[PDB]
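Subsequent text provides structure tokens for two forms of one protein chain, presented individually as structure 1 and structure 2.
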Structure 1
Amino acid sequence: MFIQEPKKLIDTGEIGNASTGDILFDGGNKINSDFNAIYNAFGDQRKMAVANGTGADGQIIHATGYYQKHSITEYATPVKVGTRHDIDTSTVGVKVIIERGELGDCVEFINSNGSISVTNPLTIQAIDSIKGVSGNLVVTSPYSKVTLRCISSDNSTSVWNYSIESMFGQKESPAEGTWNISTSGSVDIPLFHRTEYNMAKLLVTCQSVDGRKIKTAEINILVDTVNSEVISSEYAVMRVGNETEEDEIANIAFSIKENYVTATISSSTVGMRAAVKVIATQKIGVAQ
């Protein structure tokens, strides 16, 4: 691997005190050291084996950043904080060790070839320990993204915590916000175009400006494109200042309006607010 050297700056404090030969060699090497540190942090380090990362197929600065691809032997020694790794466990699981960190230090991993599995796992050991984990963190989720962050350093108290998430997938939320139920006692909230999703899941919480009346419900909806309708299943309904155990506080209906799956929120109680949030969706794609 390439272990950069800290930042070096040109000592302009000299020059009319050391001739042109020494300042260009002590300056050049300094400029080549820094850039190398920058290009290897945002570029493929494997290219250093050529013209020192130069040439036509040389190193470039990836705006998206870069995740280095190292070998087993290289991971035999603790990795430096701030590095990025694209793990490959196709032939065998790989063990990565992170040097002791300080508050905020970070190391990130990805698995572009999706080799991570239970037989060929990604084992991570963060010098000292990882919260909620006894020993090493064993990652078995293919195509994942792992982020490790030091949440405590001080003296020996060098503890880390982590997050693991999928590199891919449709995770967006087509709608999230708060709307007022107009004086007319009804409000339309467009969620998404009829062609965007087959089903969605949302959370709806209606509350009076005073806070004495409140209702929340979870609703799953199915888009019936053929009949231009939307089926819904409202459950886990909870109410507080409901004057009666009958129809109450706020009603939620669905349909397609202007070609947009839409939520219609109505209420008898004047001055009602309604928070709507889509927390999940499913879209039928192409098999395989």
Structure 2
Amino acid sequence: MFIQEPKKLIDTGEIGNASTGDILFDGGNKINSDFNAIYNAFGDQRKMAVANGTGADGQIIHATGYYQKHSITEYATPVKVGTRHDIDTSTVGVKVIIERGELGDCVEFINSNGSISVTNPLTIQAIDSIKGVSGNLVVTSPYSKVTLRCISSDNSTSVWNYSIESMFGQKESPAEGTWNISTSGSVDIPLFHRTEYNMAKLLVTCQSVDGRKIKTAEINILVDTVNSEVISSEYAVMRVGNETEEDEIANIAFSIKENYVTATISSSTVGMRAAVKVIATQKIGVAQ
């Protein structure tokens, strides 16, 4: 037979305490904190002032990363490591201070509007110091890219070093490598199509398999497109195993072959190697 148990009543005072509500609230907040962290590291932070960076014009993850636009008053306090800044010194130079760092910490600056100049510079103070710099780093190169990295921290020593580069320009090299001079005693090395550059600068170093013979030379070449030729000026020639003070070890000539500015390297010595590298170029663009 059924022997009932006394009356039981649902404790309405236990509809909380680590139950959904508590977990979803604590979870969501954590999730939001993390995403805000990520989005603000790769997106425009100025959007946070609107729906917390949401909406049709809200924050997005830039695969290229993002450089923040901050105000003067905001730079009154040390910047955190890992941040990126797009500096604007249009109305006045700005100073940025970087908090003490640890080995590998980095901070990068960009100058999209090209406001950086000698009168309105970008002054950087990296907590403690910057190597090779007395005091603050003063940047006056417009449209520049400055990267600061901490090269020593341990404890009481926080030292940084920096790099400064142009954001824009044609810096590419059309050719760099090493080629063998075939048994025929000559090798053609295509440098670039006749229409890519008007002028190029290259370094050529030829050495025998045993290093007894070697020559190096710097060459500036001019592309004469109208006559389909290439003028050259070889200088700073240096040789080591030259049998005669007239013995070249290796001759370098230029011309256009198959519409490609081409370097022709030949040598008497057998088993000669030749390193060719284009370290500069100039292309006449459009004025302005």
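The term rigid core refers to the maximal set of C-alpha atoms that superpose within 1.5 Å between the two forms. Shifts are known only where both forms have a C-alpha. Quick note, the numbers are simply positions in structure 1, starting from 1.
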>> Does residue 24 move appreciably between structures 1 and 2, meaning a CA displacement of 2 Å or more on the superposed rigid core?
In response: no
> residue 8: with the rigid core matched between structures 1 and 2, does its Cα shift 2 Å or more?
Replying inline: yes
> In Å, how far apart are the CA positions of residue 247 between structures 1 and 2 with the rigid core superposed?
Replying inline: 3.7
> Core superposed, what is the CA shift for residue 172 between structures 1 and 2, in angstrom?
Replying inline: 0.1
> Which stretches of at least three consecutive residues shift by 2 Å or more at every Cα between structures 1 and 2, once the core is superposed?
Replying inline: 1 to 17
